[PDB]
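Undergrad: model the following, please.
(chains A and B)
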There are 2 protein chains.
Amino acid sequence: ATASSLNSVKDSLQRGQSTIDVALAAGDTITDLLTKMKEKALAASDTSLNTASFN
Amino acid sequence: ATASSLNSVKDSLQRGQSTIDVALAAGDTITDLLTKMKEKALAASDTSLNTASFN
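TA: Numbers count the residues shown, from 1 in each chain, chains lettered A, B, ... in the order given. Please find the structure below.
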């Protein structure tokens, strides 16, 4: 009964790994977007741009 | 007469053996359903399941 009981534990573990995989797949996009936002704020910090490039 | 009386005793013992056999034949099914019920309770305990899987 214990040996047959372990299959649900294995299923829950694979389900948790799949959920973490989806989380990392979203985190890749979130990280590249944060990097592009840092690049935009860094370029915008400069005072040599005119108003149009700032907007 | 005492020797002849024992045939009824053997009949009662065989009757009890048959009744216990029927009880064990039902207990096989009862234990199997109990094991599957334990597996369902294990799967239901997980917090990562959606409402339809729990239902």
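
Undergrad: list the buried residues for stretch A:20-27?
TA: Buried positions in stretch A:20-27, judged by neighbour count with 16 or more other C-beta atoms under 10 Å in any protein chain shown: none. Quick note: C-beta positions are derived from backbone N, CA and C, even for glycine.

Undergrad: hmm, it touching chain B?
TA: No. Stretch A:20-27 does not reach chain B (C-beta under 8 Å from any C-beta of the partner chain); its nearest approach is 10.7 Å.

Undergrad: now do whichever residue of chain A sits closest to chain B against residue B:41, distance only.
TA: Closest residue of chain A to chain B, C-beta to the nearest C-beta: residue A:8 (4.1 Å). Distance, residue A:8 to residue B:41, using C-beta to C-beta, to the nearest Å: 9 Å.

Undergrad: repeat that for residue A:16.
TA: Residue A:16 is 19 Å from residue B:41, by C-beta to C-beta.

Undergrad: ok, back up a step: what number of residues lie near the residue of chain A closest to chain B?
TA: By the criterion of other C-beta atoms under 10 Å in any protein chain shown, residue A:8 has 18 neighbours.

Undergrad: next, it: secondary structure please.
TA: helix (DSSP: H, G, I helix; E, B strand; the rest coil).
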